[PDB]
Structure formats: C-alpha cells, structure tokens
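Peer 1: Show me the folded form of this:
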Amino acid sequence: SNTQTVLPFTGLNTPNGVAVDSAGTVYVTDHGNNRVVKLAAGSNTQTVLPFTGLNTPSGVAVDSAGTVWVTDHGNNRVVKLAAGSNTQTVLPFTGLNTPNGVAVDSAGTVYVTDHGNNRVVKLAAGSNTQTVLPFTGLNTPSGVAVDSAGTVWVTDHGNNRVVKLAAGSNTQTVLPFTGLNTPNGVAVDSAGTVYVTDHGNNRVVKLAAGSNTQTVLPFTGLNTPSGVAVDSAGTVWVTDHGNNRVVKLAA
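Peer 2: Numbering: from 1, shown residues only. Find the structure here:
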C-alpha cells in the first residue's frame, strides 16, 4: 500500500518500540507513560499490561507462549511477564546501562541492545550466563532483530549504520543503507528483508536481501520514528514516537 493507517491507541506519550504476534495483536512500549499497551486486531480498546515499576521502557518482544519481554531502560533491566499467571521476572542480565531494544528467538533466547555500554548481550532461557556478542565499535546501539537462522541485526544508532552478525560467522557486516541519521529500530522478515526506522530523517527504509539499494517506505508525517515491526503478511508497523501514535502500512 501507499496509504498508511493509524492504529486506535489512546493517550500514548513518546512510544518507542512495537511488536506484533501471529494473531495480529500489536504491543507498544508507551515510554513516556511507563507502561506497555496492547491492541487486538480490529479492537478500539487498548489493554495496559500488568508490568510494575517500569521507567521509560523502550522495546518490547513477544514469544510463541504469549510471554512479553520489555527493556526497562530507566531501571537497567529486562522484565518478562509470564502469560496467565502475570508473574513478573527480572531476567538475570547484569551490568546493563539504559538498555533499549529486545528480541527473542524461537528457543527463548533473549537479546538486548545494552545501549549505554555500547554492546549487545544475550541470555538463554533459564540461564545465569549472559554472552556479549562480537559486534565492534558500537555507539549507543538502540534496536535488535534476530531472524530464524539466528543472524542478529543491530541499529548502531550513534554511528548511523546497521550491522549484522551472520549465523555461524564471527565477523560483523555493515548493511549498505545510505544516509541514515540516528537510526533506532530494526526488523527482519522471513524473506530476509531488513526494515529500519531512520529516526533522524523521519522515515523508514528497507533493504531486500542481497540488494545494495534501499527503498523508502511511503509513510507520511513521521516525527522521530523509533521502532518497527513486520508481520507474516509483510505489513509494517512503526512507533511514530514524536507524534504519540503507531502507524501501519500493508505490503
């Protein structure tokens, strides 16, 4: 499509971070209200999830079991909410600083852009071992995506670039986007297409796998967009941070 739709969220404040599940339920970290909100497909009523004590949360992910993870940026922690019981567990990361961005894979491994420490960390399900990924030269990284193959992409915000660590490789690759300004947020689809919220240019850009020529998506009127998700259908959702809204574009 070339015409975006605004989702019927209410009362957002500087939202940053969006996730979508296979049912088309959309989850947003409503950063400036210290809460996580969700909207089911076709619904006008949003639901505030029972997280507690959040501070400027930035980034949300959801696994197959309905577990919701949030990077609780202002508290240097990652919290997960177990489905049904609504038990909150602080994941046993350590030493985080203003984390901003989270992803989870099929195995329940959790990946966090540890923004304030210029690093990306991962924690396997149930583990007390966190692993620093061998990205190099990061500056305030702010967004992480992982595909089915286990390739990890990161928006290296402070360097105006997107980097990837290909599965099985220990060598970082810089993707051939051009002209980025403080990018924050990355998503990847099944086809390997990469989507980035080019925050400081008020636009969303995408690169097909193997292509060296980005395209700009036909969103309009964005302001410091900061978070992107893509569903199985190729619909693209963006947290339009500076306009307190979430916008979507069908393929």
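
Peer 1: Let me know the secondary structure of residue 233.
Peer 2: Judged by DSSP: H, G, I helix; E, B strand; the rest coil, the three-state class of residue 233 is coil.

Peer 1: Near it, how many other residues are there?
Peer 2: 11 (other CB atoms under 10 Å). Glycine gets a C-beta too; all of them are placed from N, C-alpha and C.

Peer 1: Excluding chain neighbours, what is closest to it?
Peer 2: Residue nearest to residue 233 in three dimensions, not counting chain neighbours: residue 251, with 6.5 Å by CB to CB, 6 or more residues apart in numbering.

Peer 1: Surely that neighbour touches residue 230?
Peer 2: No. Contact criterion CB atoms under 8 Å: residue 251 and residue 230 do not qualify, at 9.1 Å.

Peer 1: Quick check on those two: which one has the bigger neighbour count.
Peer 2: residue 230 (23 against 10).

Peer 1: Make sure that one is actually in contact with residue 249.
Peer 2: No. Using CB under 8 Å, residue 230 makes no contact with residue 249, being 9.9 Å away.

Peer 1: Between the two, which contacts overlap?
Peer 2: Taking CB atoms under 8 Å, 6 or more residues apart in numbering as the contact rule, residue 230 and residue 249 both touch residue 236.

Peer 1: ok now do the residue lying farthest from the centre of the chain, which residues does it touch?
Peer 2: Note on the chain: the largest separation between a C-alpha and the mean C-alpha position, by CA atoms, centre = their mean, falls on residue 85 (24.8 Å). For residue 85, no contacting residues are found, by CB under 8 Å, 6+ apart.

Peer 1: Can you list the residue ranges for strands in the stretch 151-251 of the chain?
Peer 2: 152-156, 161-165, 172-174, 186-188, 194-198, 203-207, 215-216, 228-230, 236-240, 245-249 (DSSP state E, counting those that start in this stretch).

Peer 1: so what strands line up beside the first one?
Peer 2: This means strand 152-156. Using DSSP bridges, strand 152-156 pairs in its sheet with strand 144-146 (antiparallel), strand 161-165 (antiparallel).

Peer 1: Give me the distance from the longest one to the chain's centre.
Peer 2: It refers to strand 161-165. 14 Å (CA atoms, centre = their mean, to the nearest Å).

Peer 1: Excluding its own residues, what touches it? List them.
Peer 2: Counting by CB under 8 Å, 6+ apart, 133-135, 138, 151-156, 171-175, 177, 180, 183, 186, 194, 196 sit against strand 161-165.

Peer 1: and the residues you listed, which are buried?
Peer 2: 133, 135, 138, 151-156, 172, 175, 177, 180, 183, 186, 194, 196 (16 or more other CB atoms under 10 Å).

Peer 1: Around residue 58, how many other residues sit close by?
Peer 2: 31.

Peer 1: what about residue 83, which SS state?
Peer 2: coil.

Peer 1: ok, it - contacts?
Peer 2: With CB under 8 Å, 6+ apart, residue 83 has these contacts: 65, 66, 67, 68.
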